[PDB]
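Geometric and topological summary
Below are the chains, spelled out letter by letter.
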Amino acid sequence: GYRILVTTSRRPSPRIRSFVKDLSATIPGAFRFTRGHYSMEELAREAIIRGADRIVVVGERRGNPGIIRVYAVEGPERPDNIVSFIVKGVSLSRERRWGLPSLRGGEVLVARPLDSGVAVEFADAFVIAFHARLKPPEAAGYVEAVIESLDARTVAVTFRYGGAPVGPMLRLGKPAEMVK
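The deposited coordinates derive from X-ray crystallography, with the record listing a resolution of 1.80 Å.

The name the PDB entry assigns to the chain is Probable brix-domain ribosomal biogenesis protein, from the organism Aeropyrum pernix. In the PDB, the title recorded for this entry is "Crystal structure of probable ribosomal biogenesis protein from Aeropyrum pernix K1". What the UniProt record of the chain gives under Function is the line "Probably involved in the biogenesis of the ribosome."

1. A closer look at the overall build of the chain
Assigned secondary structure in the chain consists of four helices and nine strands. Of the regular secondary structure in the chain, the N- to C-terminal order runs β-α-β-α-β-β-β-α-β-α-β-β-β. Taking 16 Å as the expected radius of gyration for a compact globule of 180 residues, we find that the chain reaches 15 Å, a close match to that expectation. Considered along the principal axes of its C-alpha atoms, the chain spans approximately 40 × 35 × 30 Å. Taking the contacts inside the chain whose residues are at least 6 apart along the sequence as the reference set, 64% of them involve residues at least 24 apart. Carbon together with sulfur atoms contributes 48% to the accessible area of the chain, which is approximately 8,800 Å² in total. Within the chain, one finds 28 positive and 19 negative side-chain charges whose respective centroids are separated by 7 Å.

2. As for the nonpolar core
One finds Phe85, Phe126, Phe130 and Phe159 to be the most contacted residues of the largest nonpolar core, which totals 40 residues. Here the element with the most residues in this core is helix α4 (residues 119–130); it accounts for seven residues. The next biggest cluster of nonpolar side chains, apart from the first, holds 12 residues, and it includes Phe33, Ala47, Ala52 and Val57.

3. Looking at the pairing of strand β4 (residues 64–72)
The buried fraction of β4 amounts to seven of the nine residues, a majority that puts the element mostly inside the structure. By the bridge criterion, eight bridges tie strand β3 (residues 52–61) to β4 in an arrangement that is antiparallel. Within β4, the position partnered with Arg61 by the bridge is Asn64. Connecting β3 to the antiparallel partner β4 that follows it, the hairpin turn spans two residues, and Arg62 within it adopts a positive phi of roughly 50 degrees.

4. Comments concerning unusual backbone geometry
Positive phi values are uncommon outside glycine, yet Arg11 reaches one of about 50 degrees. The backbone phi angle of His131 is positive, close to 60 degrees, even though this residue is not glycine. By the secondary structure assignment, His131 is in the loop between α4 and β7 (142–151).

5. With respect to the side chain of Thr8
In this fold, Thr8 is placed in strand β1 (residues 3–8). Here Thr8 is in contact with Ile16, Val20, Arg35, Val57 and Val58, once residues within four sequence places are set aside.

6. What to know about the pattern of salt bridges
Scanning the model with the defined rule gives six salt bridges in all. Of the charged contacts in the structure, one is a salt bridge between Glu95 and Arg15, with a shortest N-O distance of 2.9 Å. Taken together, the residues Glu95 in helix α3 (residues 93–96) and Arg15 in helix α1 (residues 14–24) connect sequence positions 80 residues apart. Residue classification places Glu95 among the partly exposed positions, given a relative accessible area of 41%. Among the residues examined, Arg15 registers a relative accessible area of 21% and is labelled partly exposed. Notably, a salt bridge pairs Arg112 with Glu144, separated by 2.6 Å at the nearest N-O pair. One end of the pair, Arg112, is in strand β6 (residues 108–113); the other, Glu144, is in strand β7, with 32 residues separating them in the sequence. The class for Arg112 is partly exposed, based on a relative accessible area of 37%.

About the criteria used
Residues numbered from 1 in each chain as written, not as in the entry; some residues may be left out. Heavy atoms only, no water. UniProt positions renumbered as here; feature names shortened; annotations may be inferred. Helix = DSSP H or I, 4+ residues; strand = E, 2+ residues; numbered from the N terminus. Rg over C-alpha atoms; globule rule 2.2 N^0.38 Å. Contact = heavy atoms within 4.5 Å. Areas by Shrake-Rupley, 256 points an atom, 1.4 Å probe, with all protein chains shown as cover. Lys, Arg positive; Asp, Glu negative; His and termini not counted. Charge placed at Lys NZ, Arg CZ, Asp CG, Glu CD. Core = buried A, V, L, I, M, F, W, Y, C linked by side-chain atoms within 4.5 Å. Buried < 20%, exposed > 50% of the residue type's maximum accessible area, 1.4 Å probe, protein only. Pairing = 2+ DSSP bridges. Salt bridge = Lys/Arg side-chain N within 4 Å of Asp/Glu carboxyl O.

Dropping the structure here:
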């Protein structure tokens, strides 16, 4: 499977849950999952059962989403952290006054860097983390993750679908080692 299980750190604050719902409704193949008391090893099992080979865990920073750690699911064992993003800030679709993509299943995510700066590295990270493609499909539908460099270690990410912005807008930063 190639779906993406999106969850939170344990006992998430309200905004973390809201963000996960917004993000999961925007990225093709992603779905929100309640963390409960599951260990990372247990999340791997729940991912397999649901045909997902990626686990995304949104951590907090004083009540706000503060980090996104992505894990690859290869077996029932504890999953490896393959990519991580620092969440500097986020605005939910509800706050940006726009909607969510009307998906039907089968759509793909395309990562598009707007400049040759650090946005290129983040685009590569999206390919690894969310199975995004750098090259758009010729006919199939797709959600576009537009990535712009704000500084040497930070980017702004805006998702687009059907010629319009959708989902949460993110400001992401590189951790010590984004792709390990």
